Amino acid sequence: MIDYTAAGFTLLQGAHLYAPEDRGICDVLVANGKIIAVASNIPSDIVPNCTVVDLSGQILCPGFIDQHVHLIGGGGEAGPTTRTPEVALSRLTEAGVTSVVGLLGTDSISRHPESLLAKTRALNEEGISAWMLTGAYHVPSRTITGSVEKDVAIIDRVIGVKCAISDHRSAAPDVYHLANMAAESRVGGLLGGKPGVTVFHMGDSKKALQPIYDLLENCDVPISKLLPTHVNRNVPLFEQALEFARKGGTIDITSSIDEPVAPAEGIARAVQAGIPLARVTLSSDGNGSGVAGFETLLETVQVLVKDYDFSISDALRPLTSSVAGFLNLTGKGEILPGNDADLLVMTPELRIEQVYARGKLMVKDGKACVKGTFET
Amino acid sequence: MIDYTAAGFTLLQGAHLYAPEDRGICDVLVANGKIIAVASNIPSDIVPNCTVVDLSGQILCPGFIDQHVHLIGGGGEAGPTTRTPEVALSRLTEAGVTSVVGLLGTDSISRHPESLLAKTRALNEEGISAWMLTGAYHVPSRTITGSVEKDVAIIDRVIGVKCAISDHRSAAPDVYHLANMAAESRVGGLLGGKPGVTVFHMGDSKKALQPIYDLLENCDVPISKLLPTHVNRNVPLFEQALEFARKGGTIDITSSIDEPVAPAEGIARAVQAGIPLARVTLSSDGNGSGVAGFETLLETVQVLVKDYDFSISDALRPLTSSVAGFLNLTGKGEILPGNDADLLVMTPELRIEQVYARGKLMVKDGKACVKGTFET
Amino acid sequence: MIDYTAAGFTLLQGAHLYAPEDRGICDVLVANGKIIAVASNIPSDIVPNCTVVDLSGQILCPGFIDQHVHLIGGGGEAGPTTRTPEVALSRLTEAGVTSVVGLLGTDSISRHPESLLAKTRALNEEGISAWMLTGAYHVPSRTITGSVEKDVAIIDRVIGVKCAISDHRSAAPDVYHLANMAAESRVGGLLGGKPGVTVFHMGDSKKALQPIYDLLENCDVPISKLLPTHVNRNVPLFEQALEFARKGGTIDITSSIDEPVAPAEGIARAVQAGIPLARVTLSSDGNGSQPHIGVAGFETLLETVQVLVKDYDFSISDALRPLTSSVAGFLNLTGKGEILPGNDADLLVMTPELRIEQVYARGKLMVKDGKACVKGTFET
Amino acid sequence: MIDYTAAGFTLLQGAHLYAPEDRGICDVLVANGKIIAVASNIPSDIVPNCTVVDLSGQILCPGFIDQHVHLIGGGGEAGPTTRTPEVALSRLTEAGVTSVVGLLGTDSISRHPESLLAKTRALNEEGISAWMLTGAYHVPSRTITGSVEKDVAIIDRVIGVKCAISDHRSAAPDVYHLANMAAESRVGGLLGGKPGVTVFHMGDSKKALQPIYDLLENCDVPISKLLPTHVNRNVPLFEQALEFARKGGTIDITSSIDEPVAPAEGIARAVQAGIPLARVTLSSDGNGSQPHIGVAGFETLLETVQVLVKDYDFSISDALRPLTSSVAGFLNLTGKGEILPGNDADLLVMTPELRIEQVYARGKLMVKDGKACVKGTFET
Ligand SMILES: [Cl-]
Ligand SMILES: [Cl-]
Ligand SMILES: [Cl-]
Ligand SMILES: [Cl-]
Ligand SMILES: [Cl-]
Ligand SMILES: [Cl-]
Ligand SMILES: [Mg+2]
Ligand SMILES: [Mg+2]
Ligand code: NA
Ligand code: NA
Ligand SMILES: [Zn+2]
Ligand SMILES: [Zn+2]
Ligand SMILES: [Zn+2]
Ligand SMILES: [Zn+2]
Ligand SMILES: [Zn+2]
Ligand SMILES: [Zn+2]
Ligand SMILES: [Zn+2]
Ligand SMILES: [Zn+2]
């Protein structure tokens, strides 16, 4: 018998597929970590050495893309005992996260972009998909190569730059500094084939988004590259964010911020305000500092469907297609032929059962079956 | 018989000469790459070992000076596969270009001033005349010696600095940065004997020339050193450029931009607006990124004469005397004794037949007869 | 009618397979740029929407790996007019090259690692597989990040460092500098998952391999990381290179140097000296300047294979090693140089007389009927 | 009446020509600063608007090339009052100098390469031909761009590097530093189209040429790029210099050092040692300090020529070599040091007893009746 095991053929059968678009009962054929066919009634024997998975009665959807994770650990605002630990592979996978964007925050003294890059690469070797943002709250940014533009252009895993504004922990950046940094990210992305975004950690200053508007007034970076995050942290800020989105920007809601605007609520409000889901993303801020977890992501989807009247498809957008679109994550956020085989298998009540990353089974019966090198 | 071949005597006979000024049927005597006599009926035997060229029925004019060429290649805005190739000698010559100013654009990460300088020097060794601008779209400028002023002052082939404004690919420069950069170019030019200009790649921002006006308000660089290019890229910008020119500035129209203001049209408009041709230049933006060619230069002259009622002399100004004047290109842009023997021989319909660079035959029957070292 | 095209199922049937190991007639099935099965008589219907290719009467082998190419151009030793142009995709592919390592030479003033990296990435995007070496002839190395160790560790496409020794164009490096550079590449390789090698452009100094020996005496970089290149440039050097190989080193023969030691001849002499083919590699030094001045091409690669088989008593299988498996092994090029399930679908289809017919790179047809059917973005 | 003046047609007629090769009576025609014909009996009417000069009874030879001049001034070894002033154009031209190489000495604190480059360019503008060396006595070299290699490659007027060895004013350079500096100049020369030489100011240490030999042992720079200067400063050094020359090196004798080995004497001894004149050069070390303290002048250049012919049995043709053809050859000074069609019109008109009458630089009359008729912008 010929050995075709190198293909890793996997047929996911009979689940109710949400691509996120509802596709009804539809099958998914995978080979080499890629989605090679998406159709009803794919023959269990279409390909050899095929692992057939009966997903009857289950739900199938794209894996989550969490664009705001402190991969190497964060914290440190109350001294060194508050530096959090690096993230564990299984914590991500059990949470349904198959793609991540790592970043740094307040501390860029004991935290380094080179370290973040190494962890990013470890995660990719481990089976998931990971990118990072150069910089940290500090402006001017602390980079790997000496320039934001050069980092985004030449460090493969770097997709944009991080910063903090309107926050008591900011570097008190002026418009010129912010604009130049964003412009550099933009240009570096073009060169490197990266989205070249600028992510803004928002604080509670009354100024809110003003720095972003000033920046817009002082440069030609498209508004589509400017991402304010933690927008639900305060009402007045949230309200500004809706306008920002109405103007063409994309806003990022933090699943780990419960009050004063809860995540689901935030997403619900956006839609009420007439903002298309494509301009609304949800991130966890996981692994920050207590120690932020990833459970709030799935919880958010559940709540949206359960308590807010969102369809399953719509509820998924902000964690899947909306993210992939904002970051130009080719091959992610959608179940289509040619895309990466990053999928979630859930109960009808939206409880995760299985997770596939790049076609590999990572979670089974809701428990990780692939663990990081040093996990216990 | 005595050998006088070292003189390279060449007598160009009987053509209708446009210096660009119309000189009627007039001859041109060349020696050692220089124009040594310009008169009617120069005796075919005035000098020995003389190559006599019968230009009866043909047109004779100065070679083109294209001040905006991506000599080493450009592009790269859609990833690395979009980096264009370096320019080929014959592409320039066949297009009637005998003098070039090379520059960099968006990408100053994988493109370097030292590389540009080497190509500039190769072209000079090859037979034409080439200069360059330090910097690139990026501001603050990336230079060879660490300072714009020092580059313009001490790198022989460097004549000014390049930058980008009002463009989604700019570095979001502030007035101080732009003004200081221009001031440095200005000062460096005085010291080095260079025009010390500042060239502005214009984008489509509604702000248009504002940065230039701000700059003027914040420094004492003469307006005659500030060159906005791509002025025909947008109407509103174009309209501002005419005012700028009316105020004493010189504006550069791109022959490779067809809409919304075509090159010829642009030049025609300028004259309608009462701007002297001396303050209007035309450049190709050749070798940029598809892959920009040089055919539009001559096409522009043809169209101006053919469809716009310009005399041959006037049509030539923006590619010859106007450029030479703006850049203080001593010995270029005009057929006069003492000037360099850079000439074009054309049909009455303005089709190029022969090209001479520094007195050497480069193109014959419209085809290059001198090719770069690695040309096929 | 279910659409399975995303898989890019391709079945190469009936050729005589050299993996490079001789496997006789055997089929190869490809999906998504990967070799998914290698066996005789694979059913044509085994997979849906499958492009079946009849290679009966032909030869199927791994694509070549050229570890020494001046991707962005080189030259410049006789002034700026001698700076060669960047390499065209089609010249590589039509020459059988599916994997390449780019590097710089004498000129590191008008040439920069950042430029080279961009070029490497373009080639990858166009369909082939490309890596590069940091540094250039100049020592201390001119790098991207400020340290050789750092470049190797953090720049994904960098796999080692380049240098020049025993040559009139060298930077007169001393042992310390050389050792330090070599150890940094080694360590950056470990951290980054790269081979972390040091490539030594050899010149004609009478000192030949001496600097390498001195280096080994002054550090602990494994001999398996030190690659002398252009070893066939002179007899005494060549002969020293055989000794070095006997001691556990790997030697790189330049296909474009035909005297005084021809490439096939050098390879045969290495074999006659007791060196296993795994320690002998062949590279082109393509795209550098060739004295009227020209650009060195890549045809000598395939010609060396032809010559070995025709005139030096080599089996096809062995003749292929120095361009395929030996290189991948030396550079730890995972998934390259061997036709095995799981490896990348980088294959050459040739006639029985070893002339290229088709070339597949990462499962994509790049050459058909001996002509590039896939070309660089701006290819002329 | 057609105007042909732009050509600057000039015809030097009837002199006895030393190209430096003896050519007997022969005419030289000039156009645009170039020599366009060299022959006997060139017709006076051959070209229009021609300035015909009757040089009957006179001598015509190439203009001198002084490769060692402190253009911006030097000195400073006895405090700031000993810093000499910049060189005046007229002092160079009246001394027969049409091509010069500027350099720095002991002081690289109050003296900078950027200053020197500006001065070099001024001289070019004024009508002569000037180049310079980067660095100074200090090693590591203090450069314009940050690297010796880079300066030589990219600064048009830089053609090599200067250093000091075996001298109480040296920077105590070790072999590595010296070798590295030398190899960078070499390589920058290749890229830039410069000779890429290294000039060694020699002192009186007993070590003499040792550092050069050590350098050769530690690198691959060709011996033809290493120029020891001031070789006649001491006997033992001079004698070592003869050996070095015998081995293929070129040696530079200083015209301003009259003991213990006089310049003509040193030149004659070089010849007597079997060294071809092509490997012997003479330079002034002009504009440095001369101990009451003064500025060293350039008259010793012509005097050495006079002395060789009068007292050392030299032909005029040979006596000229070390100031013309040997220098141009050593520095690859294209178009200089020889009267041949195509070369620059840099000529000296002298009496039969070798006293300067006229000087043409790039075809321009700079000296007439022995007096500068062309002077520096601010000349006093
Ligand atoms: Cl705050
Ligand atoms: Cl882990
Ligand atoms: Cl724009
Ligand atoms: Cl070319
Ligand atoms: Cl290509
Ligand atoms: Cl003066
Ligand atoms: Mg065997
Ligand atoms: Mg003789
Ligand atoms: Na690896
Ligand atoms: Na030269
Ligand atoms: Zn934050
Ligand atoms: Zn955070
Ligand atoms: Zn532009
Ligand atoms: Zn441009
Ligand atoms: Zn080499
Ligand atoms: Zn090479
Ligand atoms: Zn000295
Ligand atoms: Zn001196």
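Residues numbered from 1 in each chain as written, not as in the entry; some residues may be left out. Chains lettered and ligands numbered in written order. Part of a larger assembly, values for the part shown. Heavy atoms only, no water. Residues with missing side-chain atoms left out of burial classes, pairs and counts.

X-ray crystallography is the method the PDB entry lists for this structure, together with a resolution of 1.65 Å.

Caption draft 1: Geometry of the overall build of chain C. Broken down by element type, chain C carries 10 helices and 21 strands. For 380 residues, the compact-globule estimate of 2.2 N^0.38 gives 21 Å, and chain C sits close to it at 20 Å. Counting only C-alpha atoms and orienting by the principal axes, one finds that chain C spans roughly 65 × 45 × 40 Å. (Helix = DSSP H or I, 4+ residues; strand = E, 2+ residues; numbered from the N terminus. Rg over C-alpha atoms; globule rule 2.2 N^0.38 Å.)

Caption draft 2: A look at the coordination of the zinc ion (ligand 15). All names here are of chain C. All of the protein donors around the zinc ion (ligand 15) are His-201 (ND1) and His-230 (NE2); their distances to the metal are 2.0 to 2.1 Å. Separating the zinc ion (ligand 15) and the zinc ion (ligand 16) is a distance of 3.4 Å. With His-201 in strand β12 (residues 197–202) and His-230 in the loop between β13 (226–229) and α6 (235–246), the pair connects residues that are 29 residues apart, well separated along the chain. The burial state of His-201 is the same as that of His-230; both residues are buried. (Donors = N, O, S within 2.8 Å, 3.2 Å for Na, K, Ca; no water. Buried < 20%, exposed > 50% of the residue type's maximum accessible area, 1.4 Å probe, protein only.)

Caption draft 3: Fine view of unusual backbone geometry. Geometrically, the link from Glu-259 of chain B to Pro-260 of chain B is a cis peptide bond, its omega value of 0 degrees lying close to zero. Among the secondary structure elements, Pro-260 of chain B is positioned in the loop between β12 (251–254) and α7 (263–272). Despite not being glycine, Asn-32 of chain C shows a phi value in the positive range, around 50 degrees. Considering the arrangement of structural elements, one finds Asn-32 of chain C in the loop between β4 (27–31) and β5 (34–39). Relative accessible area serves as the criterion here: at 23%, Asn-32 of chain C is assigned to the partly exposed category. At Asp-369 of chain D, a residue that is not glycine, the phi angle is positive and equals roughly 55 degrees.

Caption draft 4: View of the UniProt feature "binding site: Zn(2+) 1" in chain A. Residues and elements named next belong to chain A. UniProt annotation of "binding site: Zn(2+) 1" refers to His-68, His-70, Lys-162 and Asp-285 when read in the numbering used here. On the basis of their most widely separated C-alpha atoms, the annotated residues across 218 residues gather in one place, lying no more than 13.0 Å apart. Using a relative accessible area of 1% as the deciding quantity, one classes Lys-162 as buried. Among residues more than four places away in sequence, those in contact with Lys-162 are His-68, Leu-103, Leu-104, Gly-105, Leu-133, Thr-134, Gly-135, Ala-136, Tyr-137, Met-181, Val-199 and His-201. Within the structure, the side chain of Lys-162 is placed 3.0 Å from the backbone oxygen of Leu-104, a separation counted as a polar contact. Counting through the fold element by element, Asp-285 comes out in the loop between β13 (280–283) and α8 (295–308). Excluding residues that lie within four positions of it along the chain, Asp-285 makes contacts with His-68, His-70, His-230, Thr-254, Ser-256 and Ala-292. Of the polar contacts made by the side chain of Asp-285, one reaches the side chain of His-70; its length is 2.8 Å. (UniProt positions renumbered as here; feature names shortened; annotations may be inferred. Contact = heavy atoms within 4.5 Å. Polar contact = N/O pair within 3.5 Å; in protein donor to acceptor, adjacent residues only side chain to side chain.)

Caption draft 5: Summary view of the domain arrangement of chain C. All names here are of chain C. Here the domain parsing of chain C yields domain 1 (1–63 + 334–380) and domain 2 (64–333). A C-alpha centroid distance of 28 Å is found between domain 1 and domain 2. Residue-level contacts link 35 residues of domain 1 with 32 residues of domain 2. Between domain 1 and domain 2 the total buried area reaches about 2400 Å² when both faces are included, carbon and sulfur atoms providing 60% of it. Three residues stand out in domain 1 for area buried against domain 2, namely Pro-20, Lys-336 and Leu-354, and they jointly supply 22% of the buried area on that side. Along the contact surface separating domain 1 from domain 2 lie 1 salt bridge. (Domains from an automatic or database assignment. Buried area = accessible area lost by both parts, 1.4 Å probe. Salt bridge = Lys/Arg side-chain N within 4 Å of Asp/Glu carboxyl O.)

Caption draft 6: Representation of a nonpolar patch on the surface. Taken together, the side chains of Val-187, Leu-190 and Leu-191 of chain B make up a nonpolar region of the molecular surface, amounting to roughly 300 Å² of accessible area. Note that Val-187 of chain B resides in helix α4 (residues 175–192). (Patch = residues over 30% accessible without salt bridge, like charges linked within 9 Å, V, L, I, M, F, W, Y side chains within 5 Å. Areas by Shrake-Rupley, 256 points an atom, 1.4 Å probe, with all protein chains shown as cover.)

Caption draft 7: The packing of helix α6 (residues 235–246) of chain D against helix α7 (residues 263–272) of chain D, seen in detail. All names here are of chain D. Running from N to C, α6 and α7 cross one another at 40 degrees; their axes reach a closest spacing of 10 Å. Here α6 is positioned oblique relative to α7, judged by the angle of their axes. Considering the relative orientation of α6 and α7, their crossing is right-handed. Contacts between α6 and α7 involve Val-235, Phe-238, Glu-239 and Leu-242 on the former and, on the latter, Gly-266, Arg-269 and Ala-270. Taken together, the residues of the contact of α6 with α7 sort by class into 4 nonpolar, 1 polar and 2 charged. (Axes fitted to C-alpha atoms, helices over the stretch in contact; angles between N-to-C directions. Parallel < 35°, antiparallel > 145°, perpendicular 65-115°, else oblique. Left-handed = near helix turned anticlockwise from the far one by under 90°. Nonpolar A, V, L, I, M, F, W, Y, C, P; charged D, E, K, R; others polar.)

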